[PDB]
């Protein structure tokens, strides 16, 4: 069904806006709640997140999301935008998620770009948990954190409590 208007999630002003954006994408995918469940985490300019960081992270978590430079990828369900210096994210509600090629994710794709349907069991189980474990790292290390977690994830249901 065609819809009109723009539906945007704007993170808090804590300094972790990019990571909140990814968290919110996943939170809507999993629970229908387009907002960050990550606890707010303060940091200054030198720990801001780049388009590089966010792109790597999107690929690790396997999100139907692009970083919008100029043209928005028509196949991206989630559009990440730098609004001044505040990472925000739009969502196309009336649209099935599509698994995006790398050029589509990065936002340098050409007219005619194609992407197949995102599989229902397509979001890595414990993606949001991986992000939650990683985000408070330095931003340039967060994607490595996510990748490490997802690749070799702690199997114990209360592993966090164990680690304490």
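Residue numbers count along the first chain shown, from 1.
Relative to one another, 8 to 16 and 139 to 147 have unequal mean CA B-factors, and 139 to 147 is the one with the higher figure. When the mean C-alpha temperature factors of 150 to 158 and 20 to 28 are read from the deposited coordinates, 150 to 158 comes out higher. Among 134, 113, 49, 55, the highest C-alpha B-factor in the deposited entry belongs to 113. Out of 68, 38, 123, 65, it is 123 whose C-alpha atom has the highest B-factor in the PDB entry.
Annotation for residue 74: CA B-factor lies in the middle third of the chain's modelled residues. Sort the modelled residues of the chain by CA B factor and residue 59 lands in the middle third.
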